[PDB]
C-alpha cells in the first residue's frame, strides 16, 4: 500500500543483483556466511560484504550426492544454491559452529562450489553457559581476525574492528527499535515487513541497511494503519525465512507481532556491551546472544527468552514452524510447547519440507484462529 518497506522487498528479491553491484561499487570481496553466529564485524572490518546463504524454497535435485535425505530441508536447500551457481560472485565461505547438520552445507560447499577461493570454520563454543566459553571464543575471534589479515594482506586494526562493531550494533539497535512498534495494539509494522527488514540485514551492506532503517523509523510515527490486527501470533523456529508463508499467515486475520527465529529476533536481539577490548566485545556479544537450541545447555535459557518475548509483545497464540528432521529444535519442542501453554499461550505445530503446498497449512491456521476465539 504505502510502499514504505519496498526497498527491503527489492533487496530480498534482488539479493544477488545487489551483491554483484556492490562489488562493482566498492571493489570488495563477498563472503557467503552460514549460521547467524558468523562474526560479521570481522568480515566488514576486512572490507568484505557478508551475505547469509538462504534457501530458495523451490524443488531441487542437486544435493542428493552430497547430503543424505535424513537431514533437514534447509541445509540441503542452502547447499543447492551454491551448487547451482547462484553465489558464484562470492570469493569466501564461512560457517560459525552450531547445529551439526549445517556443518554439512559448509563442508560440501567448500569442496564442490568451484568459485570458492577461501573458507573458514569458526569453532565457537556451544556451551556459552560455561565460565570458560567467553575466553575460548575471544581466542577464536582473534584467530579469525589473524586469518583475515593474512588473507587480505591488510592489517585489521582495533579501530577498524570498532567501526565495524559500531555499524553492526547500530543495525541491532535499529532493528530492536523497529520491533518496538509491534507491541502496539495496531502495529505500524507487520510481521512480513519486520521480516523483510531483519532478513535483508543479513546480506545488505550494514551501512546502507542502517540508513534504510533510519528512514523507515522516521516515517513510522505518522504512518496510517489500514489493516485490522486480528489475532496476535508469534512464530517460532530455526530459520523461518519463507516470507510468502508468513504473508499467508497474516492474511487469515492475524498479525505476527514477534518471533523466535534466525531470520528475525535470534539474529540481532542484543548489541554488544561497552568494552575497551574490541575482540572481547565482539566475542562476548555472540556468547551473550539468545542461544540456538544447540548452545542451550545445561539450562534451557531459551524457554525464558521465548516466554518473555511472548509476554512483552502480548502474544495470543504461538506457531511452531519446524523443518523436517531438525534435531536441535525437535529436542526443545515438547517442553517449550508445554512452557508456553502452561503460561496461557496456545500453540500450533507445522512441519516443512523444501517446498510444500500452502493450502493445507492455511486450513490449519484458520482452525487455530478458531481455537483462540473460544475461552
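Positions refer to the first chain, counted from 1.
Given 16-24 and 356-364, the range whose Cα B-factors average higher in the PDB entry: Of 356-364 and 16-24, the stretch with the higher C-alpha B-factor average is 356-364.
Taking the recorded C-alpha temperature factors, which stretch has the higher mean, 69-77 or 241-249? Looking at the record's C-alpha B-factors, the answer is 241-249.
Using the entry's values, work out which of 288, 140, 119, 186 has the largest Cα B factor. When the deposited C-alpha B-factors of 288, 140, 119, 186 are compared, 186 is largest.
Reading the B-factor column of the entry, which of 305, 228, 112, 300 has the highest value at its C-alpha atom? Checking the PDB record, the top C-alpha B-factor among 305, 228, 112, 300 is at 228.
Within this chain, which third does the Cα B-factor at residue 36 fall in: lowest, middle or highest? It belongs to the lowest third of the chain when residues are ordered by C-alpha B-factor.
Where does residue 132 sit by CA temperature factor within its chain: lowest, middle or highest third? CA B-factor rank for residue 132: lowest third.
Would you mind checking where the Cα B-factor of residue 181 ranks among the modelled residues of its chain, as the lowest, middle or highest third? Highest third.
Third of chain Cα B-factors occupied by residue 345: CA B-factor rank for residue 345: highest third.
Position of residue 47 among the chain's modelled residues by C-alpha B-factor, lowest, middle or highest third: As the PDB entry reports it, the C-alpha B-factor of residue 47 lands in the middle third of its chain.
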